[PDB]
Amino acid sequence: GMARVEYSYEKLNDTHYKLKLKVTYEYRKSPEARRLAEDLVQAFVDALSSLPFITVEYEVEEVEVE
Amino acid sequence: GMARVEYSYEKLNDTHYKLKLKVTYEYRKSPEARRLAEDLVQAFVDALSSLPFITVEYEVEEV
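Okay, here's the thing in structure tokens:
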């Protein structure tokens, strides 16, 4: 399908960067692509949240088709 | 299909960091899932690598 990731981030004094990711993707009505997209986005979520020197917030947006 | 993202990192400064990623996935015979997995990886990477406080090194493996 197709995917997009735009972000907002904020830097305050002595406070590690705060990051918000907006994840939008289309799975073209394919169940395997939907399962794989949710598993992969979640896998990226677990990797980025674990980073201790940055605060990560998420917004995921599924789209059936273009 | 299932997917997995291994990760590591190291300190460059107290603001700049180096993030390493290893993405593994399967597409379950679905062409749409395969391209979607790759577009998702490219989107995350381009977004993270555009952050001035992050440098990204990554590899992708199919299973």
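Residue numbers (our numbering), protein chains in the order written: chain S, -5 to 60; chain H, 2 to 64.
For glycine and all other residues, C-beta sits at the position ideal for the given N, C-alpha and C.
Close beta carbons around residue i, own chain, < 7 Å, minus the five adjacent residues each side
i, result
"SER43/S", "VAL50"
"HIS10/S", "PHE47, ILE48 and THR49"
Own chain residues within Cβ distance below 6 Å of residue i, not counting five before or after
i, result
"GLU60/H", "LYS23"
Chain-ordered neighbours of residue i on chain S, where CB pairs are closer than 7 Å
i, result
"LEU41/H", "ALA(-3), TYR19, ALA31, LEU34 and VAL35"
Neighbouring residues, chain H, relative to residue i (Cβ below 9 Å)
i, result
"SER24/S", "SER31, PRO32, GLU33, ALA34 and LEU37"
"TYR3/S", "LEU52 and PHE54"
CB contact flag (residue i, residue j, <8 Å)
i, j, result
"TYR3/S", "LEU41/H", "no"
"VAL59/S", "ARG22/S", "yes"
Buried or exposed by the 16-neighbour rule on C-beta atoms within 10 Å, applied to residue i
i, result
"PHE38/S", "buried"
"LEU13/H", "exposed"
"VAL64/H", "exposed"
Coarse secondary structure for residue i, derived from DSSP in three states
i, result
"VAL46/H", "helix"
Sequence-distant residues of the same chain with beta carbon closer than 8 Å to residue i, five excluded per side
i, result
"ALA48/H", "none"
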